[PDB]
Protein chains: 2
Amino acid sequence: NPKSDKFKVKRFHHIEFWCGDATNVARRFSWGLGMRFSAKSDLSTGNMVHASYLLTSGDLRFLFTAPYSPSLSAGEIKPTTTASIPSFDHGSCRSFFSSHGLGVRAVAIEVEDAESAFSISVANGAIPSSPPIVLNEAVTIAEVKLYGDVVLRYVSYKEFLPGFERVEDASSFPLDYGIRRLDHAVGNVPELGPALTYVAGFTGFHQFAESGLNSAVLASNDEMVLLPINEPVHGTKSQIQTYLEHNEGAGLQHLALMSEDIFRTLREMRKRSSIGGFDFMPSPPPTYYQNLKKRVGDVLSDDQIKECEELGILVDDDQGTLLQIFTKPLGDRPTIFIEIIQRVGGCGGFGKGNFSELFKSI
Amino acid sequence: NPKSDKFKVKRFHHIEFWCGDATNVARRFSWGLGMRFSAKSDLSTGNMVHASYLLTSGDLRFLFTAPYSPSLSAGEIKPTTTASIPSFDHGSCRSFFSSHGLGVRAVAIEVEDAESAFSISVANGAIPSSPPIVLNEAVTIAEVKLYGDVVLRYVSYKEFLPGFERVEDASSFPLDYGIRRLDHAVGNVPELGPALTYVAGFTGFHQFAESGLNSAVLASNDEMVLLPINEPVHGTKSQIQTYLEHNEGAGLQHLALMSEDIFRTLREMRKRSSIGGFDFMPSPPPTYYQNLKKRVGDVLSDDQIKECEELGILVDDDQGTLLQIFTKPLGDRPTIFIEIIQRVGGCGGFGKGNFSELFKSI
Ligand SMILES: O=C1CCCC(=O)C1=C(O)c1ccc(C(F)(F)F)cc1[N+](=O)[O-]
Ligand SMILES: O=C1CCCC(=O)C1=C(O)c1ccc(C(F)(F)F)cc1[N+](=O)[O-]
Ligand SMILES: [Co+2]
Ligand SMILES: [Co+2]
């Protein structure tokens, strides 16, 4: 950990999904994941450009943005626009959604100064996506191309964003399953070589870490933001190659959401998989948990290990051990999905040893 | 009722929504309305063109179709395609979804013969949308332009559709709130004149029926399919004019879903409005229900009338009385919404008298 970050980054701020209808996506994710309706920005607030709805579960913030009819804001220009997120564009959102479907547009990171972070990034090789825009003389947002069509959004403060309105405490249900923070966001790239040296080039992020894939992890000075990047290899399958085929290019593979009580979260979500929520990947056979008594027998009690077999949880090092489960793809395309992890910054790893442990069941 | 239908139509068959992501829309509607996951047609079944998911609640069938990546079916042509619905097209679906957002694409009606119904319709002035296609030598589907970009789909049998697969009885939750059938589907048109004489021209459907709108209803020989069409008037507001502005053209305004126990359905849905379901329109003041004892006092008991005020239900003629409630718009745009009705074919009317009864509260 040389702490070679070119500028001071704080932590993950929010994740912005781009879809054609932000309502139906925000309603499903809120029920399937337990994120309360936080803030809104649409025609009811005065936004004639895009409809944005924020879901929050602890510190995690999920934003869902969809475009309106361009004729509504036809009489507007950028200086007098009414969009809460000035980085928005009708052409880019419909191009992003027609090429990738439902996917993550921007991985937002809170920094010390967004205007300074934009200049240092661009001067070190970052492709500028959106110039720094000041908002109500309090919030500043900037965006640079991350990989594919996903952009890295810098945000700095001196409340979510201006223009948004906090929903009424009675008009929103305080849903909460246990998810608190965003752990890491992983993206798939055809070549990790040019990608790892690019992202770490304008950020100074240091590297934190039969296979079917090759991957490495970038992290900040305190390992609070973690950006793993994968690359496929041919000669097996290669589920990451099928990602690039169905996603039609690079993009964010999965979001890792941290929870305080992974058993309560998986109990709340598995009871909702078939009533609007999210379906989980197939659980490993008891052979996997028969070997769990040998790997984490001294780390976990048999009553708790057997409970992991009931929910189908994957366990896996030196600094500590982590628990993890993977949700099925979040939409029609077999692309983006969700990973629920519990650690006991970046302690426990990323379940890289589970690839060999899962094959041992056969 | 002259029974002047040019061909024998049976009843409403299904409704097909067109969105960019069929999963998130089908998961929300199933939880918010109580429709079980019926059949699917996607890559898991062999469809490399579109992802379609059928929701059923009694006889009502809601279909949700979204396009895949065109490169997946790039090596296919129409004779050797793998799409379950041959009427599908990547260009039309993305054009429909980029112009109208989430909306109804096809109002399907079961007929005696789809090939004959297509020929009689086209020969009487219908604009052909999709030619008749035979499916597994058992099902025949045909489509003609209805109004705007909505098309009227004819379907005839000799199971939903071939290519689809019935989901497993264990992999689907038997959700059921009480909705059983589709009553009527209403569309907004800039001019009902050219629209009413067009739709009734190639179908022979007879007319069944300060205002802010002008409307008329078309119906079959047995009044089992009901297609009301509205037109705005300027000089008030005009919520139908705002429909044509946000929908960017004509389209289906609202779907009327019939239920057997309107009180149970509204009790199941109102408890789910803030947890992924559908929000309802504002309920009328008790002044509206103070006049309910004078209009339907001899038609309903005070214990049941007071219960209608708790759920905020609208009541309204000669043949009988009907109950009705309107859901808020189903997505980002203030366009398409849902109406829950209970009748005691087409008996009770369409709540046309509620416009004057609602204004009496002031
Ligand atoms: O967290 C990461 C990034 C590094 C490599 C990786 O595959 C990670 C996964 O989240 C992960 C871990 C384990 C498995 C397993 F073993 F279950 F297949 C799968 C994944 N994965 O591809 O998401
Ligand atoms: O069913 C119809 C079609 C004919 C006219 C009409 O407006 C119908 C409605 O479903 C309806 C009825 C009453 C109201 C009221 F009174 F609550 F405003 C509103 C509608 N509507 O526009 O859907
Ligand atoms: Co991960
Ligand atoms: Co109606």
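Side-chain atoms are counted along with the backbone in the values below, which use heavy atoms only and exclude waters and symmetry mates. Order of appearance sets the numbers: ligands from 1, and atoms from 1 within every ligand. Order of the sequence lines sets the chain letters (A, B, ...), proteins ahead of strands, with each chain counted from 1.
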Ring centroids only, cut at 6.0 angstrom: are [X] and [Y] within range, meaning strictly under it?
X: A/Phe280; Y: A/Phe326; result: no
X: A/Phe337; Y: A/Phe278; result: no
X: B/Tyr198; Y: B/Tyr147; result: no

Distance under 4.0 Å to a non-hydrogen atom of [X]: what atoms of ligand 1 satisfy this?
X: A/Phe355; result: 7 (O), 13 (C), 14 (C), 15 (C), 16 (F), 18 (F), 19 (C), 20 (C)
X: A/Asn354; result: 16 (F)
X: A/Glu339; result: 10 (O)

Between A/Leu257 and A/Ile341, is there a side-chain heavy-atom distance shorter than 4.5 Å?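 The answer is no; the side chains never approach within 4.5 Å.
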**A/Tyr243 (side chain) donor-acceptor with A/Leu252 (main chain) under 3.5 angstrom** =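 Yes, A/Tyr243 side chain to A/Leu252 backbone: donor-acceptor pair under 3.5 Å.
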* Asked: Ignoring hydrogens and geometry, is there a side-chain-to-backbone donor-acceptor pair from A/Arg295 to A/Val315 under 3.5 Å?
  ->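 Yes, because the side chain of A/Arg295 sits within donor-acceptor range (under 3.5 Å) of the backbone of A/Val315.
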* Asked: Could B/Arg343 and B/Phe350 be counted as a cation-pi pair, given that NZ or CZ must be under 6.0 Å from the ring centre and within 45° of the axis?
  ->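 Satisfied, under 6.0 Å and within 45°.
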- Query: Using a distance threshold of 2.8 Å, what protein N/O/S atoms lie below it relative to the Co ion (ligand 3)?
  - Reply: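 Short answer, with waters excluded from the count: A/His184 NE2, A/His254 NE2, A/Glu339 OE1.
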Option set [options], criterion heavy-atom distance to [atom], minimum:
atom: atom 5 (C) of ligand 2; options: B/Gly351, B/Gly353, B/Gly349, B/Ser215; value: B/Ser215
atom: atom 10 (O) of ligand 2; options: B/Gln324, B/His254, B/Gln253, B/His184; value: B/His254
atom: atom 20 (C) of ligand 2; options: B/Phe350, B/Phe337, B/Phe326; value: B/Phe326

**Prompt:** Looking at CG of B/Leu330 and CZ of B/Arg333, how far apart are the two atoms once the value is rounded to the nearest 0.5 Å?
**Reply:**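 If we round to the nearest 0.5 Å, B/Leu330:CG and B/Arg333:CZ are 13.5 Å apart.
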I'd like to know if A/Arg180 and A/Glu260 make a salt bridge, using a cut-off of under 4.0 Å between side-chain N and carboxylate O.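 A/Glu260 and A/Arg180: salt-bridged.
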Specify side chain, backbone, both or neither for B/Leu314, according to which of its non-hydrogen atoms lie closer than 4.0 Å to ligand 2.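 B/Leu314 to ligand 2: side-chain contact only, backbone stays beyond 4.0 Å.
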* Derivation of the side-chain contact (heavy atoms from CB on, under 4.5 Å) call for A/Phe205 and A/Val225 -> CA-CA 9 Å; A/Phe205 285 170; A/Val225 294; 3.8 Å; yes
Exercise. So which bit of A/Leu358 gets within less than 4.0 Å of ligand 1, heavy atoms only: side chain, backbone, both or neither?
Worked result: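 The side chain, only.
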